[PDB]
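What follows is each chain in one-letter form.
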Amino acid sequence: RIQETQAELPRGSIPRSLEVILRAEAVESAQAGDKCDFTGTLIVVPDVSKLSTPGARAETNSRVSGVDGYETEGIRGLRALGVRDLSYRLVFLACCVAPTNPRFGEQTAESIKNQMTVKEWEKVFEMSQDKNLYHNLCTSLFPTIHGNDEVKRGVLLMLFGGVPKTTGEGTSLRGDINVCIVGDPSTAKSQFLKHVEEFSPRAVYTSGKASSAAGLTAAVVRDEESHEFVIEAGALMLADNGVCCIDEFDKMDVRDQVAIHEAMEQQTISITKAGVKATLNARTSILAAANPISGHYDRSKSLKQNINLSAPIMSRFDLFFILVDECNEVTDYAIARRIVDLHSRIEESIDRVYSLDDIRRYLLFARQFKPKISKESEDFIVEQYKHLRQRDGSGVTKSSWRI
Amino acid sequence: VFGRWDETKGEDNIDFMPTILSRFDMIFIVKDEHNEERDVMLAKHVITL
Amino acid sequence: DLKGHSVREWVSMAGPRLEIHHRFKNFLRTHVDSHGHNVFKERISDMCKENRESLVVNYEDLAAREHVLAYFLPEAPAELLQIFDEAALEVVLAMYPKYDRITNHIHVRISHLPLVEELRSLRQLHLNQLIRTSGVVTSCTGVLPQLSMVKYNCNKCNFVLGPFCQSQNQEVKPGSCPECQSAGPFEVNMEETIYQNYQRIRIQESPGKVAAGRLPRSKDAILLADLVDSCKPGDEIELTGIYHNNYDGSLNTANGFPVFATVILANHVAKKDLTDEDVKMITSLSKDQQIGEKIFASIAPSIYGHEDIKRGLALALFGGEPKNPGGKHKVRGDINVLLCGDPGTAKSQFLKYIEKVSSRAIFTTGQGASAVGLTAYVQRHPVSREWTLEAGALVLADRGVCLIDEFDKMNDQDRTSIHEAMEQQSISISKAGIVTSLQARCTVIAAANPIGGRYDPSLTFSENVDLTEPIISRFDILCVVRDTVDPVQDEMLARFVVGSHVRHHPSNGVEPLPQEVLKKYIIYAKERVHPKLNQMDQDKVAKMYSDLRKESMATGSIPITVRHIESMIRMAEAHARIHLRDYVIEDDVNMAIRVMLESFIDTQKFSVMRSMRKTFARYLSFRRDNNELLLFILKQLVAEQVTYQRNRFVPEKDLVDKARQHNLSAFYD
Amino acid sequence: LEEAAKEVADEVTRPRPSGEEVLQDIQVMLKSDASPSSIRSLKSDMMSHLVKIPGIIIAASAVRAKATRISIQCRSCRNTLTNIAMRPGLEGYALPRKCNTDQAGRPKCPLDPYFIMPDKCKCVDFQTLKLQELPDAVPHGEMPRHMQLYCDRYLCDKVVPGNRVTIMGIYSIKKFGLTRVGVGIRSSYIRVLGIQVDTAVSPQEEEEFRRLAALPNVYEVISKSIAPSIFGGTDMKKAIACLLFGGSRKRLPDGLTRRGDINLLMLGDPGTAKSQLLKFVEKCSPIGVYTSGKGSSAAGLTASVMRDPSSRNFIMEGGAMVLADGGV
Ligand SMILES: Nc1ncnc2c1ncn2[C@@H]1O[C@H](COP(=O)(O)OP(=O)(O)OP(=O)(O)O)[C@@H](O)[C@H]1O
Ligand SMILES: Nc1ncnc2c1ncn2[C@@H]1O[C@H](COP(=O)(O)OP(=O)(O)O)[C@@H](O)[C@H]1O
Ligand SMILES: Nc1ncnc2c1ncn2[C@@H]1O[C@H](COP(=O)(O)OP(=O)(O)O)[C@@H](O)[C@H]1O
Ligand SMILES: [Mg+2]
Ligand SMILES: [Mg+2]
Ligand SMILES: [Mg+2]
Ligand SMILES: [Zn+2]
Ligand SMILES: [Zn+2]
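Scoring rules and cut-offs
- Residues numbered from 1 in each chain as written, not as in the entry; some residues may be left out.
- Chains lettered and ligands numbered in written order.
- Part of a larger assembly, values for the part shown.
- Heavy atoms only, no water.
- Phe/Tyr/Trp six-rings, centres within 6.5 Å; stacked < 30°, edge-to-face > 60°.
- Helix = DSSP H or I, 4+ residues; strand = E, 2+ residues; numbered from the N terminus.
- Buried < 20%, exposed > 50% of the residue type's maximum accessible area, 1.4 Å probe, protein only.
- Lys NZ or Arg CZ within 6 Å of the ring centre and 35° of its normal.
- Pairing = 2+ DSSP bridges.
- Axes fitted to C-alpha atoms, helices over the stretch in contact; angles between N-to-C directions.
- Contact = heavy atoms within 4.5 Å.
- Near = heavy atom within 4 Å.
- Polar contact = N/O pair within 3.5 Å; in protein donor to acceptor, adjacent residues only side chain to side chain.
- Areas by Shrake-Rupley, 256 points an atom, 1.4 Å probe, with all protein chains shown as cover.

- By the method listed in its record, cryo-EM, this PDB entry was determined to a resolution of 2.8 Å.

As structure tokens, then:
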């Protein structure tokens, strides 16, 4: 079942959803959330319609009349004449499938290298070798937002993710990075989330309480064509291996908060519904945006006293970025110049060192790498954690949240 | 209400309404008196059980 | 042989059928283990010895010996399996002519098929072929009696139409009654009929194998009279069977397109996963005389430090001795534990390790994101569609451990349920028409966070934990897992964590007992040794109790109660069980007293906590080699110095003075 | 065996009084001392055999009426086929498609002439129960197994849902004329032959109680007997005994009743064994329920009445107060 893309919706309309049929090689070539491009032929399929209004009967052309006691009247006569309703549905028969926007022109780094063409591969290699690639990626990914360089860097690291691992006893070591943005109104939090979505594939949006638990995680519906059950994917599922952007997170309901907490913690979703059980891996990275209680971030309080998120949900976040509106004339001038230049020169004023598609390809190529921790790196890590914990000692000014 | 009787409070240590307290035929106040002999006897009895 | 037409008809034809029967009989009778050992002789010997009805043939061996049969098997598996069953029955009867009265049928289970197909790759090409796949059993129906050789009663003249082979494709519908020739209604004669056990399972692609953003595909499999109960929901299995297509499912009801619901007739299931020499060796381990320390160090090998928590968990795992004077004074034998701690203290890891080790260990959470729940209800199950009395996670561990995470974030009903379970060890349902009281005698290991997310010793444990006093009282051990910025501890913990990460990267003072040995030790200790309290110093313990009470009301603190002495008795019994003594020895009593004290002291505020620690240091210092005490004193002195320095910007005398409060050469070396 | 029981009953009650001449059927419920077998042990091998199973009841349908003997009449000739035996258990019956009447050369009766005569039928009680694998008997990670039970004529309303029972019955299948994926599977059940519930004063016991009351220090005997294992609190134990025995409940001529029950409150420090005293009193009272202030796990402190939207019945969920009626 596919539905019309947002780029084609008429005003005030609900997207049209139709079922397309894949046969033979293409049978499993389309997966949920993909922006596919089905090529084939439209067709009609006879329908057992529930319309109570009779319409378009089809019957025999042979003129036959029932004899006394067997008159062609009623169900008997309808059956004898072979009357059947001609009710149809429109169904699409797709011979080939392909993504609307190809990323390149099992999975492994060598597989990605082979899949991508020579020019794309050389572009990925040259940008990987390029210096200050960190700043280049941040700027090219957020060319309209001013400041918040820490937030840009954190979101970029979230996009690149970590290296998931499994311990010998079975316990898994989560490698996905969770980022949350708390701050004053009109601080570009939603702008960061929308940038992330419009850039990253497998990136989904949700708002405070515009989503239900079933629509956020998964639902189960029987397959009308057989005895099986289809799982309709939720936002976390469609973002699996990608990003779920939860704006107005603080307003999300308690049940949805529990569901998202479970997804962030165990990276799996369990459904025991509609006659079927199923566990589905949800390797989503969560980018959340929340508003402090009272709307403005009181700098004289901890994040626990500022935001309404529960303690487990707060803990499961790797990064917490605070964007407090500084009433500084210089910053206001910079923001105004950025915004006004954007609105003046729309096509121009956006010079990105790396194209968005090139960044997508490079990110896909890099996600396969699973860097290991060297011994000097481990020593440095323990030293840095030592410094971080020492920063939490008494005497020094209290921090927003502990270490 | 305070977790311990706290004889000093007198009656603030019970929050039951007079209507409710009238219902009960009998009311007992069980204060864990700490006579040393009773304490030793209680420990010995518990261990004996 | 190999000629003619498609394999199905080629092997259906008699000539080739008898030829292949003879070939398989020869293969069965003549086959070595690569060392001359006639494998099939011993296989059939043990099969008939244990009355198993199933002979497992290795496909690799079959291919090596007779390649024609191996090539034909994955093309027409039904006929080949029937032929193999007949030949195996003939050979088994020849070996044991008396075995005909046990089974009269032998199932040949193929094994180690070369190609392994994943559920997402099953197509119409693989229809009516033997395939090997791997998956996770999601649901599994009960064992159902399916008709195998069905006799029919003709309810017109009461004749008994003889047995008809109930195939797995279509219902067997008799024709006329041979006597009265009436095609009229027939009934199944259930007394004369013989049934084969039938089970239906669902296996889905394992989440690890599921890749990218693809959904896990599931398939239905059918188990027949020997594969039944060979798997349970959640088990990871490898299934070999016929990709069936044609039983009754074609969607002919015009509901839509003419698709066929395919099922897999399971032919061989291989799961992917009692104390005689065990009991021989665990007694020696008990006599080792350091078994208590060995166990305490073997608990939670992946968790650094927290020796007190590990010791308490060991005592809880081994449990106490329940008793009931007469039938009127029930006293639990379960040691309940409550780890209250600020974030980042491995409480969840402790609970998960206890889940992994303990048998009958069920993990529930104070949130609503758990497979089970604390409160029992009655409803139609989502999957089984069956009206079931879903008892709570307190009842699913009647004789085990309930691991209640986030114990501070429980609903009103959850709190009431846990109160009922802890105080009564029973759960009462009065729900639809079910008025029942079912026993839940679990040991509760709970994890909780303090009010505000940071334990404050200034206040007491009761007002730090965010729990009701009745709820707290029913816990024998209260582990205050405080977090402090201690240089050495932070460095060591960072080393541990980074090392675990390094060694688990995907591209790859006594020795702890191995985990399986610890499990078996626990089984034996809980099952056989039952410590008795005949030899315990009533005078000493009563004096300790009286002194503790006196010191309790000498300051403004929570008084000690008979509850604490009973918990100490339970812990003494637990230590005696750890050492298999069968009698609590004075050292066991002292260790139980040390645990009970440490807990009760930590439950107090700093003002009274330190006072009680100083007053009762005699008990707290038991089984301390006098090096840990000195190390802790040095650590507190250096912590005072470092907190002084960090704000403004140790001598031997202070250490010797605190030691006096005499030998420091051993500590230095 | 049931036929022989009928014969023996007739033999032993032959000279019955007028108005009760007709001999009545006899139900032989069979009970065994043998150890029961697990529900998981019920395999195809035991089908149609007398099996014994433990379980806990979770449902008990209403006592409907099922026909042991039916009578049918021909629509045309109005001749009867009285006393057609009905197979016991969940087994149906196909009506004849021909009229027996010895035709006198008239046009023959129609193809399907027989109609049931509900007036001329012998019907018996029949109840359908749901039995569940005992929670302890369930393997650690495993959903409980369920069985359906058929009860007839005295096995109906002998056990209410929630009871723990051992059932001796004929592991059977539904027989309704062999009419997705499961081919050859017929829903199974147990035609219960015997019910035992897992849990009346003799003259000897009455004499014992009478003499015990006649004892001089019966008060002291009872007071000590209540909680011997609880130290001290002699007055509290005396009060507990007074509560257990209760006063007299009286209905005055005007219709105003006076309660005989005694209500006792124990406000005390957490150390004392007041909860243990409550537990003993709950175990010791004839009818006794122990509950917290906020009720138990999935049980209420007081009754709650609701209306079923479908059947429009008044379902009264019984709390502790109503469940422990006439007791403590
Ligand atoms: N003592 C320790 N030794 C080794 N690893 C530890 C230790 N304490 C914590 N960790 C690790 O640090 C992280 C924090 O542990 P964990 O997630 O169990 O916290 P927690 O105590 O459950 O927290 P919370 O109560 O906030 O949920 C995990 O990776 C855990 O493996
Ligand atoms: N620091 C900034 N730099 C550039 N634009 C900004 C900045 N802060 C706010 N804006 C502008 O303000 C608008 C509203 O911000 P919004 O996304 O609503 O933030 P929030 O969701 O946190 O209120 C955005 O469209 C954005 O262009
Ligand atoms: N006077 C006593 N006699 C016998 N046992 C006692 C006494 N006081 C306390 N106990 C013991 O203390 C334990 C805890 O008592 P508990 O039932 O929790 O009372 P409370 O509900 O008031 O806390 C009980 O197991 C009980 O055996
Ligand atoms: Mg916003
Ligand atoms: Mg935790
Ligand atoms: Mg109590
Ligand atoms: Zn016949
Ligand atoms: Zn007739």
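Some thoughts on the packing of aromatic side chains
So, point 1. Under the counting rule described, the total for this entry stands at 19 aromatic pairs over all chains.
So, point 2. Between the aromatic rings of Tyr304(C) and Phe496(C), the centroid separation amounts to 6.3 Å while the plane-to-plane angle is 80°, which identifies the pairing as edge-to-face. With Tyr304(C) in the loop between helix 8 (291-298) and helix 9 (307-318) and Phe496(C) in helix 14 (residues 487-503), this residue pair connects regions lying 192 residues apart in the sequence.
So, point 3. For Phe496(C), a relative accessible area of 23% puts it in the partly exposed group.
So, point 4. Their ring planes at 40° and their centres at 6.3 Å tell us that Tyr455(C) and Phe461(C) sit as a pair that is tilted.
So, point 5. Ring-pair connections join several aromatic residues into one group, and the members of that group are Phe249(A), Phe317(A), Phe320(A) and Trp401(A).
So, point 6. One cation-aromatic arrangement involves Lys9(B) over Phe2(B); the distance from NZ or CZ to the ring centre is 5.3 Å.

Regarding the sheet that holds strand 17 (residues 285-290) of chain A
Residue and element names in this part refer to chain A.
So, point 1. Sheet architecture is open: five strands sit in the order 11-14-17-10-18, paired in parallel fashion. Two strands in the sheet have a free side with no partner beyond their single neighbour: strand 11 (203-206) and strand 18 (319-323). This sheet shows a mean twist of 15° between the axes of neighbouring strands, independent of strand direction.
So, point 2. When strand 14 (residues 243-246) meets strand 17, the two strands line up parallel, connected through four bridges. In the sheet register, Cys245 faces strand 17, and the bridge partner there is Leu287.
So, point 3. Packing against the sheet, helix 5 (residues 149-160) makes contact with strand 10 (179-183), strand 14, strand 17 and strand 18, and its axis sits at approximately 155° to strand 18.

Here's the deal with the site of ligand 2
Residue and element names in this part refer to chain A.
So, point 1. Around ligand 2, 13 residues are found, and the nearest of them are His146, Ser186, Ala188, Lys189 and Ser190.
So, point 2. Here an oxygen atom of ligand 2 and a side-chain polar atom of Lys189 are 2.4 Å apart.
So, point 3. Alone, ligand 2 offers 560 Å² of accessible surface; in the complex the protein occludes 72% of this.
So, point 4. Elements represented by at least two residues in the shell around ligand 2 include exactly helix 6 (189-199) and helix 12 (329-344).
So, point 5. The element best represented in the shell around ligand 2 is helix 6, accounting for three residues.

A word on the environment of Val64(A)
Residue and element names in this part refer to chain A.
So, point 1. Considering the arrangement of structural elements, one finds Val64 in the loop between strand 5 (57-58) and helix 1 (75-81).
So, point 2. You can call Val64 partly exposed: its relative accessible area is 48%.
So, point 3. Through-space distance from the C-alpha of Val64 to that of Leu81 is 8.0 Å; in sequence the pair is 17 residues apart.
So, point 4. If sequence neighbours within four positions are ignored, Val64 has contacts with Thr72 and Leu81.

Structural notes on the environment of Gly74(A)
Residue and element names in this part refer to chain A.
So, point 1. Structurally, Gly74 is set in the loop between strand 5 and helix 1.
So, point 2. Assessed through its relative accessible area of 45%, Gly74 is described here as partly exposed.
So, point 3. Placed 39 residues apart in sequence, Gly74 and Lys35 show a C-alpha to C-alpha distance of 51 Å.

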